[PDB]
Amino acid sequence: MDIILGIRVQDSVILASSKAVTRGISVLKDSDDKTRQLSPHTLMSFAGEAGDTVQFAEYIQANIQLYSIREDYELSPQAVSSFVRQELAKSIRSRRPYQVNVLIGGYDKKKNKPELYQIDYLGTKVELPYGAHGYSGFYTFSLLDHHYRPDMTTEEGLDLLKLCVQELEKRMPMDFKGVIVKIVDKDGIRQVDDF
Amino acid sequence: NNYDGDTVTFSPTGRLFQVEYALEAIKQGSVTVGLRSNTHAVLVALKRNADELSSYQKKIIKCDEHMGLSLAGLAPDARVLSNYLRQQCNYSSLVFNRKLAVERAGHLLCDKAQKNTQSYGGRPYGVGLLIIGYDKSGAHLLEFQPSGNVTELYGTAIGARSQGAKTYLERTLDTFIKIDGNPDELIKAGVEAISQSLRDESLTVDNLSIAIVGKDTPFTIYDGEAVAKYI
Amino acid sequence: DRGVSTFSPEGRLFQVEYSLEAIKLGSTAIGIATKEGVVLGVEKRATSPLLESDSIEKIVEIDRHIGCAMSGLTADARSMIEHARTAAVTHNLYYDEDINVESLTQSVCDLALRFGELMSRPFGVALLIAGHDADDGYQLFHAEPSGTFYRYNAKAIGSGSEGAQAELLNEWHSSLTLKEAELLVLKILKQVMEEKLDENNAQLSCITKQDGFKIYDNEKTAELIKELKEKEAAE
Amino acid sequence: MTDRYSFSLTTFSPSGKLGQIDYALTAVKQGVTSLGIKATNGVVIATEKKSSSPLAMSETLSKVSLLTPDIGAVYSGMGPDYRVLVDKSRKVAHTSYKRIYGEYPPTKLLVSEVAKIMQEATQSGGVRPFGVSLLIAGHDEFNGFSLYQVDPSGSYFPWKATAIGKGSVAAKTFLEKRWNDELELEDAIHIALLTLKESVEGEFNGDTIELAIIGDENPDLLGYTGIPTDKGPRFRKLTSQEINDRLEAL
Amino acid sequence: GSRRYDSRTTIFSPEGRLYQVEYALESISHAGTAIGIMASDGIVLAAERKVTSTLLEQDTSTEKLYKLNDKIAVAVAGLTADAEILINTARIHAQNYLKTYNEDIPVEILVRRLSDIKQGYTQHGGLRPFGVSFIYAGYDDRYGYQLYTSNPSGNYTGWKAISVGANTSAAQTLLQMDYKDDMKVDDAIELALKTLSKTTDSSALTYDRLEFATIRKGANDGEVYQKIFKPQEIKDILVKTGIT
Amino acid sequence: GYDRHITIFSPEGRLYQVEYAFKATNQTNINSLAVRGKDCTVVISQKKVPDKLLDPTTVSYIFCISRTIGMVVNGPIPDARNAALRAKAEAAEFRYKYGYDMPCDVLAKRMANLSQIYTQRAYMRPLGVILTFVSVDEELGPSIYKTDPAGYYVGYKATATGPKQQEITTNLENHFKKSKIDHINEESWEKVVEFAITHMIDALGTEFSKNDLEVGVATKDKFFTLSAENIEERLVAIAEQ
Amino acid sequence: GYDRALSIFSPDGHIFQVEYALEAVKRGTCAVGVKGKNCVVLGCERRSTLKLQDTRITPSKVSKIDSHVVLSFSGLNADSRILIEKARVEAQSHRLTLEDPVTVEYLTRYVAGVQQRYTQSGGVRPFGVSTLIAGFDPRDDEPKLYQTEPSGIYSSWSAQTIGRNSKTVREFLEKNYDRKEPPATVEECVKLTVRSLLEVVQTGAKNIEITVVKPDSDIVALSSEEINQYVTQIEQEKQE
Amino acid sequence: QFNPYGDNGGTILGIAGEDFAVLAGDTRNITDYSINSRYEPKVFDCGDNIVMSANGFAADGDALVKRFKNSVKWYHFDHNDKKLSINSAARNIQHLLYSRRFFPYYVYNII
Amino acid sequence: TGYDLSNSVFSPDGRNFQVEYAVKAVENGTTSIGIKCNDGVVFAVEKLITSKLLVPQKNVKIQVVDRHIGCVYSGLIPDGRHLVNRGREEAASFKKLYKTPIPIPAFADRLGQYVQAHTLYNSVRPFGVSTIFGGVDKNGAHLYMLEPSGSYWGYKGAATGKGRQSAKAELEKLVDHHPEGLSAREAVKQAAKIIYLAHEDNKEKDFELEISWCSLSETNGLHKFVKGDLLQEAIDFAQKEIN
Ligand SMILES: [Cl-]
């Protein structure tokens, strides 16, 4: 799929992901949620080739949910991200690699800190205050480099995200049909129903 | 005694008891008769029922248009071996455009049964088969024992009380061999032969099972009112 | 010790004969075939009153036109049913038609002797397979762990089998109606059961051409039990 | 065919004993005496060359074997079992270590690999335990000199000095009186020859005794010059003459 | 064929017990006693070497106490060779977990994995079980200090104080008597040695017949240190506690 | 008592199946002898053709393993041939892999290792044979190496195998005690064969015809067996002095 | 591979290895399951022969298979871990392929199938374990309680017990549990579960574990004090 | 490079009546511009009142017909000499063809 | 005791009792023989007529391997067939790789090694047949006999089965009275006689004679069955000698 953004603020992680699914010259859907909840305080957004994306995401989701049941304990966002990276690094030298790029946004309840991880289909992991996949970052990184502070509130993060989306909507040739936005914090995961 | 635990063990007198026990299962089975002339070959089988509500267990199986057999003993083992014959008859047709020789069919059955008598873990087949067929050298009748031994005969019988029918055929040898170009008379001789093995019970309409193959006759099985003619 | 696929001096497979003893210990199952349909009935035999009897599933659907009752080590039947259902549906895939009752039974029986040292032992369960097809009409088969299957007009398996089979010997005729067969299964089940027969500890079912395989409700069976009591008291 | 013995032949008895291991240890007891002594600047291992026939050339049968340039081995028990263990020990030293790290393994780790092989013969399907106890002497840079015993169970223990086989009980007592932490290698060889004389019945000379040492580097035995860091093997098998010279000062 | 010689290691007795597991436990009962005691500020592991010799090289010897990783250690009771097979598997499992999740393996997860391996040898394969009982002493940030034990059955349980090997009945009674919840490491060290001193089959308890280890947060600031005691250090702690 | 049926330890630390394999070795009731010359290694063995219906040319317990290596077997012929075929395959493989002819002692070790495996692995039985390998090795010179069912092997100055091995062994021992050398000091192999036959005659106390013996000779770069007529010439020379 | 047939028929038509596996269950600690009108309670015995135990880290007797289903057992502890792991894997595999969580009946059918498979597979022995599987189906308020055993048979129960002295507590439940009117509340259901265990347990201290499962994935384990209050009230009413 | 396929030409035609059915085809077999045979049968009686023709690549056509004839044979063995209905044969043929989805029978088939 | 319950187990004697029990099955079988002649070999066998219902000349016992080797055996007939099937595989792979037809000594060892392999494990049973076989190769004529143990030797004459002693005695006379050799046609006549003389040990049931031969002059070194006039001539010669 097309655009997936992520920004870590003071006390939360915000993930914005496009709503459009496209097959050739036709928009099949304009309300697609490109994310899966791995655990109550860990959310993963994804984008890549059709099938591979959802197959991989749900495969990861099942593994993390299995771990949670077995140990009666939620893995840290760092542990989850490292698991995901290994699966992709394993994938890249396989017969048919998963063509998926992901963003993992989570709130570590032990450290009381939000965390954002960017992992591409090769298994290249990096912890960031803000990140993007594909052609998204090309338009948005200049605004984020300018406006971002680590002490930002969730509301300020959303306003900076609106600015990033507005720039995409002006300069990107492709219509991605807006974004679904989700916030990950100490109280869990919730969706911003108006954006 | 101590040497009958498995098939891989000879006794001190050179006997294979598991094979002999498999041979015993055939003697418990219902009687079936085989006989042939120069033009036709016939199978006659006494089918057995569990009780009055039950059906009469089928004894005769078709292997090809020109070949088939009757069984006596463990029916599932006859299904396995007949399935093998069906495949071998079929391999001969598909690959060589050639109808499988009855003699070669016997050789294949012998070799299949033998492997089960020399290896650990497996067991011998618990069934005896009478194979009839018409090929390029005319009519044929074979007797299969699960020891591996296969024998070509003019006539024979296997199962319980089979000695009576076998003696009759041994007397009638010179008569029934000459029954050429007359299928009904050859079946009559077979029905009269199997009758020598009956006690208490007699041949009824759903009891009797007959099969025939010949010069211009594909392997066909007769059951029900189709054998009332011969009762 | 000794081989699993060993023949006895009499020419029987030890393990197959021993599995038949396990089936004798099982709860009673009866089948009666008529020209209007085939009826299947079973003894549930709950080990305790706290056990919710409706969860006891000893009568089972294989396809719309084939039903199946069991007796013996009922846990062993699950993989047999699974194979039967797969076989039935697979034949529908390959041939766009219903599968013959005999062919289905043969497919189940092919598993029977696949044991050695494949599975480690024979099945410890007998099956009454009842159904209907266009060629041979209403049919009832008895599938054993020996790999053998007999067709029956009527048949009883389980602990009260020989007593029930003698009763079926006298009662069965070729002009039986479906209603008559239903009452006949209930009658014979009531005769061989330890506990008193009611709608909760016994279950009926049938297979007809029109409606296919149906397990009877406890309310429907209760009426047939009440109809039985009255007709026995009538003379 | 196929190996159909996929089950253990060594099992626990009601008393908790592993019968086949005990019986293997009994076979080791019947075997010819062999011993090992550790000095400050070396290690010595020794045994009797029990010749089966005087027509047999006992030089061709080597009871004391080189595993690596700095590690040697001797045994008591069944000779054929020992021979195959030495083949496997030599190979495993390469496959599981030298081909990875580019250097020979330290004594304790090679011993560990041999022990593992012997343990697996105690648990794996369709096999009996090895009928030998090994004494493995060796040197490496960071652990220095060391001497290990390995039993049929796969258990191994480090020793200052010890003996195994026929007259081990008497020999271990003899070593306890003579051993100290200030022994030079020549003193250890002298004590080894004294200890071994007690368990030998017949001829006692360089031709009936097999003795090797782990000591100083032997550049004369290296086979090439030009690399300063390669100074030669520490393992050396003593000659028939070298043994007899030390039997005169006995 | 081969069936004739098969002992059938993985079957039930008429009473519903696993023959080989029970016999393996009988073997372990003759092994040197190993004791584990958990305190609020650390864990103690003490163990008795079996009838040693004066010519045994003690400082380079290891038969009882093994290191699985920086946070987790084990005390062994039974066949040493069998234990080393399992120890190497556990070391690998710990490193696999660390590579996958980039975090040190939780103690219970490591224990469960080894205990599952033991269980497998009792249910399938036709092989004899491992004649080994472990005491696991470890730390992680979830449950803190933890003591576990596993036996050839593959069953594992958590403890405040526990013994395995010889004279466990007597040892467990002595531990149950003198153990308290607010206990500290130094006190637990004393308890472990006193218990061994009374349960030992030897005439007297000396430094050369012991292996000893502690897991302490007594490391500079929030971190954990493993201490495998040297022969001279065991000799000193024996004098300090007043046993020799 | 299943510890006597397969190769596992008895309470005494013994392998009874190996011990019984040694007893099968003497089932043929044939005695063999091997000695070394200066340039050669000679092996002789008794030949017994009891049945008149047998083709005596096909009755043999000496085998040409490679061009350089010869092997005589003490034990039943089926196991003997089993070992012979394997040794031939091993010798050929060795040459292919390592680029030079397999030495006698190395082949002996290899066959001994195989025999050891049969004493440890339960499903494989030991071969009831003793294998005596002979050659003139390019490094070690005249060589005799013998393998048994226990997996044991060793080099020999000379050796003997069979029911009456002890009588032959002592006879040979006494000769080498006199000469004080490890071989037969003789130039030609013809005379070394004569020595071997003479000392077997003296040890066993039986006279031999040409058809009673079987002889193998190893020289540099080839091993060969003697015909009946070659042996007759050998027997004539012995009688004439 | 080791292919030996361990579970086989005997002359009288019995599979002794399966029957001996039931004896292992008889030896195991008592477990009890009771379903109320809007809940299910699982009670479990803890033998007090083992003190100096660390109750924080010791494997609990009741295991969550998913957020809405639990599994308790009696018999060999090590064996139960293998069944639980398989069940947990299958639960996620069902969600992954069918996009619905397992029904309690389905999960039970799977676990029972695994147990059965080990009674006619070569080289393996039966599980020495009987399980009580309880929970609520997704978007359903009907309580579910199932039992399995080594042979592989399974069935649904209004109330059931397994393990040592299960004969006694089953006797108690049969006379005390009314089908027409089951425990209407959580209190009544827990009280009846504790009462039943008090017939067998010995001391009502740390020997009784209770786990309450309610609809919509609402599962909670009671503490020592909460259970001790039930033990107090029961015996005070009994003194009369 | 080896080309496993070929074109043997030919043309076939099936028409269904009210109580009858015909299956026609020419008898010419060709490669490129050469004639192989002027009379090489292409339509076959497969049994159970079913006729069949697999047109295109003759080697794949002969193989499919041969297999279907074989499928009819085993249908009788396995299901008590039951007659294979035309709709059942059609479905069976689908599975013969799709069994080689990734190395197709290069034929257009009519029954 | 118990050493005879399992194959490949050495008794305290150093014997494999299971192989010795397989020999008993061989001794129980019908008589079969082999005769080595000047430029080839002749094989003959006793076929017991159990019943009149047996079709004459149909149940053929002698088997050909390749085109130049003949095989006959006594004992468990199926085991013999299994051995010949292997022999045919061995002969085929030899010719496939080396072009030339398999030599008889080479072929003999192929069977020998296979039969010997069935004395190495308890998971297999030894062969219940002694096999007489041979033919003509580049080096001339060869006759062999192979036992259940895997033991085989070359023979001037060979015999096995229930009438082996009687046969062996007759073969020994031919070897003594013909040192220069025996012709192929003579060997066929003598083969018939020996089977008839050996039939005194199976004298209850009457029998059917079956003969085959490979000869450089008479059959061009190819295996052929003796049929028609030449068979009847051998039967007449045999019948004349017993009377
Ligand atoms: Cl080797």
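Looking at the entry header, you'll see X-ray crystallography listed as the method and 2.90 Å as the resolution.

Named according to the PDB entry, chain I is Probable proteasome subunit alpha type-7 originating from Saccharomyces cerevisiae. Here the entry title, as the record gives it, is "Yeast 20S proteasome with human beta5c (1-138) and human beta6 (97-111; 118-133) in complex with ONX 0914".

Per the PDB entry, chain D goes by Proteasome subunit alpha type-2 and derives from Saccharomyces cerevisiae.

Novice: What exactly am I supposed to notice about the overall build of chain D here?
Specialist: Across its full length, chain D carries six helices and 11 strands. For 250 residues, the compact-globule estimate of 2.2 N^0.38 gives 18 Å, and the C-alpha radius of gyration of chain D, at 19 Å, lies within 12% of that figure. Dimensions of chain D, computed from C-alpha atoms along their principal axes, come out at roughly 55 × 45 × 40 Å. Relative to its full complement of 250 residues, chain D shows a buried share of 57%. In chain D, 63% of the contacts between residues at least 6 apart in sequence involve partners at least 24 apart. For chain D, the exposed surface amounts to about 10600 Å²; the carbon and sulfur share of it is 50%.

Novice: Honestly, the pattern of salt bridges in this entry has me stumped. Any pointers?
Specialist: Pairs can form between side chains of opposite charge once their charged atoms are near each other. Per the stated rule, a full pass over the model turns up 87 salt bridges over all chains. In this structure, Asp-101 of chain F engages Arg-95 of chain F in a salt bridge whose closest nitrogen and oxygen atoms are separated by 4.0 Å. Residue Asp-26 of chain H pairs with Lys-42 of chain H through a salt bridge whose shortest N-O separation is 2.8 Å. Of this pair, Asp-26 of chain H sits in the loop between β2 (21–25) and β3 (29–31) while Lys-42 of chain H sits in the loop between β4 (34–37) and β5 (44–47); the two residues are 16 residues apart in sequence, bridging distant segments of the chain. Under the relative-accessibility criterion, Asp-26 of chain H is labelled partly exposed at 33%. What you see here is one network of salt bridges that share partners, running through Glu-71 of chain A together with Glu-108 and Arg-112 of chain E.

Novice: What am I meant to see in the interface of chain E and chain G here?
Specialist: Reports often express the size of an interface as the amount of accessible area lost when the parts come together. On the side of chain G, 31 residues touch chain E, which itself brings 41 residues to the contact. The contact between chain E and chain G buries some 3000 Å² in all, and 55% of this surface belongs to carbon and sulfur atoms. Linking chain E to chain G there are two salt bridges. Between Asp-116 of chain E and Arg-81 of chain G there is a salt bridge, with its nearest N and O atoms 2.8 Å apart. Looking at the side of chain E that touches chain G, the elements that each hand over two or more residues are α3 (107–123), β6 (144–150), β7 (156–159) and α4 (168–178) of chain E. Its residues assigned to classes, the side of chain E that touches chain G comprises 14 nonpolar, 18 polar and nine charged.

Novice: Where do I start with the nonpolar core in this structure?
Specialist: Nonpolar side chains in soluble globular proteins generally cluster together in the buried interior. Judged by nonpolar contacts, the single largest core of 93 residues is most densely connected at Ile-65 and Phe-133 of chain F together with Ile-33 and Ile-211 of chain I. Residue contributions to this core peak at eight residues, all from helix α5 (residues 184–198) of chain I. Apart from the residues lying within four places of it in its own chain, the contact partners of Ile-65 of chain F are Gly-70, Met-71, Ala-84, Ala-87, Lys-88, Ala-91, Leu-107 and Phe-133 of chain F.

Novice: Just to check I follow, could you spell out helix α3 (residues 136–147) of chain A for this structure?
Specialist: Structural remark: α-helix, 3.6 residues per turn; residues separated by three or four positions point the same way. Residues and elements named next belong to chain A. The first and last C-alpha atoms of α3 sit 17 Å apart over 12 residues, in line with the 16 Å expected at 1.5 Å per residue. Considered for burial, the residues of α3 that qualify are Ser-136, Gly-137, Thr-140, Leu-143 and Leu-144. For α3, the angular spread of buried residues about the axis comes to 140°, placing them on one side. Opposite the buried face of α3, by more than 90 degrees, sit the exposed residues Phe-138, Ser-142, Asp-145 and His-146. Of the surrounding elements, those touching the buried residues of α3 are β1 (4–8), β10 (130–133) and α4 (154–171).

Novice: I'm lost on the packing of α4 of chain E against helix α5 (residues 185–199) of chain E in this one. Help?
Specialist: A pair of packed helices is characterised by two quantities: the angle between their axes and the separation of those axes. Residues and elements named next belong to chain E. Two elements in contact, α4 and α5, have axes whose closest approach is 10 Å; the angle formed by their N-to-C orientations is 145°. For the pair α4 and α5, the sense of crossing is right-handed. Between α4 and α5, the contacting residues are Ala-170, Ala-171, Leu-174, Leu-175 and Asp-178 on the first element and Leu-191, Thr-195, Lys-198 and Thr-199 on the second. Along the lines of polarity and charge, the residues of the contact of α4 with α5 split into five nonpolar, two polar and two charged.

Novice: Mind showing me how you'd approach the arrangement of the chains here?
Specialist: There are 19 pairs of chains in contact here; the most contacts are made by chains E and G. Where chain C comes nearest to chain I, the C-alpha atoms are still 12 Å apart, and the two do not contact one another.

Novice: Teacher, can you tell me more about the environment of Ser-19 of chain C here?
Specialist: The topology assignment puts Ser-19 of chain C in helix α1 (residues 14–24). Expressed as a C-alpha distance, the spacing of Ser-19 of chain C and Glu-57 of chain C, which sit 38 residues apart in the sequence, is 21 Å. Excluding residues that lie within four positions of it along the chain, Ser-19 of chain C makes contacts with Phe-123, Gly-124 and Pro-145 of chain C together with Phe-9 of chain G. Within the structure, the side chain of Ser-19 of chain C is placed 2.7 Å from the backbone oxygen of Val-16 of chain C, a separation counted as a polar contact.

Novice: Help me out: how do you make sense of unusual backbone geometry in this one?
Specialist: Peptide bonds are mostly trans, and most non-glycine residues show a negative phi. For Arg-139 of chain G, which is not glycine, the phi torsion reads 60° and is therefore positive. Along the chain, the position of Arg-139 of chain G falls in the loop between β5 (129–136) and β6 (143–148). Although it is not a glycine, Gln-57 of chain I adopts a positive phi angle of roughly 65°.

Novice: Is there a simple way to explain a negative patch on the surface in this structure?
Specialist: Together, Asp-11, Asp-151, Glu-155, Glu-156 and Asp-159 of chain A make up a region of like negative charge exposed at the surface. Summarising the element assignment, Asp-151 of chain A is placed in the loop between α3 and α4.

Novice: What is the right way to look at a positive patch on the surface in this model?
Specialist: Together, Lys-88, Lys-91 and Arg-99 of chain D together with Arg-121 of chain F line one region of the surface with positive charge. Within the fold, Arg-121 of chain F resides in the loop between α3 (104–120) and β5 (130–137). For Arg-121 of chain F, a relative accessible area of 36% gives the class partly exposed.

Novice: Explain the state of the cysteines here, please?
Specialist: Covalently bonding the sulfur atom of one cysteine to the sulfur atom of another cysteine gives a disulfide. Applying the stated criterion to the full structure yields zero disulfides over all chains. Its sulfur unpaired, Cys-109 of chain C is 11 Å from the next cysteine sulfur, which belongs to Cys-68 of chain C. Free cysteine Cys-44 of chain G: the closest other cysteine sulfur is in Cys-30 of chain G, separated by 8.4 Å.

Novice: How do you make sense of the interface of chain I and chain E when you look at a structure like this?
Specialist: Taken together, the contacts link four residues of chain I with four residues of chain E. Three residues stand out in chain I for area buried against chain E, namely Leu-5, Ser-6 and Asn-122 of chain I, and they jointly supply 91% of the buried area on that side. Taken together, the connections running from chain I to chain E amount to zero salt bridges. Here the residues of the side of chain I that touches chain E sort into two nonpolar, two polar and no charged.

Novice: Hey, could you run me through the pairing of strand β12 (residues 188–192) of chain A in this one?
Specialist: Strand residues, when the strand is regular, have side chains that alternate between the two faces of the sheet. Residue and element names in this part refer to chain A. Examined bridge by bridge, strand β11 (residues 179–185) and β12 share five bridges and lie antiparallel to one another. Its bridge partner being in β12, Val-181 is matched across the sheet by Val-192. Counting the residues in the hairpin turn of β11 and β12 gives two residues.

Novice: Any chance you could explain the pairing of strand β8 (residues 161–164) of chain E here in plain terms?
Specialist: All names here are of chain E. Residue alternation in β8 divides its side chains into two sets, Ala-161 and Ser-163 and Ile-162 and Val-164, and both sets are buried. Here strand β1 (residues 34–39) pairs with β8 via four bridges, running antiparallel. Considered in β8, the bridge of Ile-37 is made with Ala-161.

Each value, and the rule that gives it
- Residues numbered from 1 in each chain as written, not as in the entry; some residues may be left out.
- Chains lettered and ligands numbered in written order.
- Part of a larger assembly, values for the part shown.
- Heavy atoms only, no water.
- Helix = DSSP H or I, 4+ residues; strand = E, 2+ residues; numbered from the N terminus.
- Rg over C-alpha atoms; globule rule 2.2 N^0.38 Å.
- Buried < 20%, exposed > 50% of the residue type's maximum accessible area, 1.4 Å probe, protein only.
- Contact = heavy atoms within 4.5 Å.
- Areas by Shrake-Rupley, 256 points an atom, 1.4 Å probe, with all protein chains shown as cover.
- Salt bridge = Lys/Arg side-chain N within 4 Å of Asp/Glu carboxyl O.
- Buried area = accessible area lost by both parts, 1.4 Å probe.
- Nonpolar A, V, L, I, M, F, W, Y, C, P; charged D, E, K, R; others polar.
- Core = buried A, V, L, I, M, F, W, Y, C linked by side-chain atoms within 4.5 Å.
- Expected span 1.5 Å × (residues − 1).
- Arc of directions from axis to C-beta.
- Axes fitted to C-alpha atoms, helices over the stretch in contact; angles between N-to-C directions.
- Left-handed = near helix turned anticlockwise from the far one by under 90°.
- Polar contact = N/O pair within 3.5 Å; in protein donor to acceptor, adjacent residues only side chain to side chain.
- Patch = residues over 30% accessible without salt bridge, like charges linked within 9 Å, V, L, I, M, F, W, Y side chains within 5 Å.
- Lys, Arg positive; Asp, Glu negative; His and termini not counted.
- Charge placed at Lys NZ, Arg CZ, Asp CG, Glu CD.
- Disulfide = S-S within 2.5 Å.
- Pairing = 2+ DSSP bridges.

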